[PDB]
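Only one chain comes next, encoded as C-alpha cells, the form deposited in one PDB entry.
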C-alpha cells in the first residue's frame, strides 16, 4: 500500500537537501532520514560517538558501527511504516539510504579494505540476512532514486556542511564508495542476495550543478518516475 523509494548517494551528495524539498510537493509524502543522531550520541531507547570512533580507528570499530547503523535504520523505517502515513490517500515514503547500501556499499567496502576480518564479515552477513528475513517484506522497495555526483564534488560538499566527524575523510575513500554506487545503480553489475533488486526501477539524477539552478527540472523528473510505479 505505501510505496517505498530509497534515495541513494555518496557522502554529501545532497540526499538531505533533496529530501528537504519533497514534503512540500505533496502532503501524502514522508521521509525517513538516516538516524545519524543515534550514531553520534549513543543512548539507550552524554553518550559516545560511534561514527567518530569508526573514523578514528576503523579496524577496531567498523563491525560495531555497521551493525548498530543498520539495526537503527530498520527500527526507524518500521516506525514510519506503522505510523500515520498508513492512513493517507496516496502514501509515499522516501528512505535516506537502505539496508542494501548498508551492506553492499559501506560494510562491503570496509571488509575489502581490511577494516573487518573474516569472522566479523561472516557474523555481519548472518545478522543482516536474519534481520531482513524477519522484516524484509515490509521494507521492500518499489523504486530507487540515485543522486549521482563526482567524488570531488562530494569532497567539496563535506567542507560546505562542516560536520565535524567527516572533515578528515580523504578523496580516496569517497572514490571507493563512488565506484560501488556506479556498479550497483548505473552498470547494475553488482550481485546481491535479493533477486528483486536487479529489476527495481531506478531514476538517475546528476546533481553536480548548483541546486538552486537545477531544482525545477529535477522535480519534474521525480514526478514522472513516480507516475510509472
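Positions refer to the first chain, counted from 1. If you superpose the two forms and keep the largest set of C-alpha atoms that fall within 1.5 Å, you have the rigid core.
Colleague: For residue 167, record whether it is unmodelled in at least a third of the other compared entries of this protein.
Modeller: That residue is present in all of the other compared entries.
Colleague: Where the other entries model residues on both sides, is residue 213 skipped in at least a third?
Modeller: Yes, residue 213 lacks coordinates in at least a third of the other compared entries that model both of its neighbours.
Colleague: Is the mean CA B factor in the deposited entry higher across 146 to 154 or across 79 to 87?
Modeller: Looking at the recorded C-alpha B-factors, 79 to 87 comes out higher on average.
Colleague: Mean Cα B factor from the PDB record: higher for 10 to 18, or higher for 210 to 218?
Modeller: It is 210 to 218 that shows the higher mean C-alpha B-factor.
Colleague: Return the residue from 195, 166, 172, 59 that has the highest Cα B-factor in the entry.
Modeller: The record points to 195.
Colleague: When the CA B-factors of 44, 189, 49, 64 are compared as recorded in the entry, which is the largest?
Modeller: It is 44.
Colleague: Determine, from the deposited record, the chain-internal third of the Cα B-factor for residue 121: lowest, middle or highest.
Modeller: As the PDB entry reports it, the C-alpha B-factor of residue 121 lands in the lowest third of its chain.
Colleague: What third of the chain does residue 159 rank in for C-alpha temperature factor, lowest, middle or highest?
Modeller: Its C-alpha B-factor, which the entry lists for residue 159, ranks in the middle third among residues of this chain.
Colleague: Lowest, middle or highest third: which one holds residue 182 when the chain's residues are ordered by CA B-factor from the entry?
Modeller: Residue 182: CA B-factor falls in the lowest third of its chain.
Colleague: Sorting the chain's CA B-factors, does residue 135 end up in the lowest, middle or highest third?
Modeller: CA B-factor rank for residue 135: highest third.
Colleague: Could you tell me which third, lowest, middle or highest, the C-alpha B-factor of residue 37 occupies within its chain?
Modeller: For residue 37, whose C-alpha B-factor we compare with every modelled residue in the chain, the answer is the highest third.
Missing here is the form deposited in another entry; even so, the following discussion is about that form.
Colleague: Superposing on the rigid core, which residue among 200, 36, 31, 190 shifts its Cα by at least 2 Å between this form and the one not shown?
Modeller: The only residue crossing the 2 Å threshold is 36.
Colleague: Under a superposition restricted to the rigid core, does residue 176 display a Cα displacement of 2 angstroms or more between this form and the one not shown?
Modeller: No: residue 176 shifts by under 2 Å between this form and the one not shown.
Colleague: Using a rigid core superposition, assess whether residue 118 undergoes a CA shift of 2 Å or more between this form and the one not shown.
Modeller: No.
Colleague: Any CA movement of 2 Å or more for residue 88 between this form and the one not shown, core superposed?
Modeller: It does, since the residue 88 C-alpha is displaced 2 Å or more between this form and the one not shown after the core fit.
Colleague: Specify closer or farther for residue 75 and residue 165: how their Cα atoms are spaced in the other form versus the shown form, given a shift of 3 angstroms or more.
Modeller: Residue 75 and residue 165 sit farther apart in the other form.
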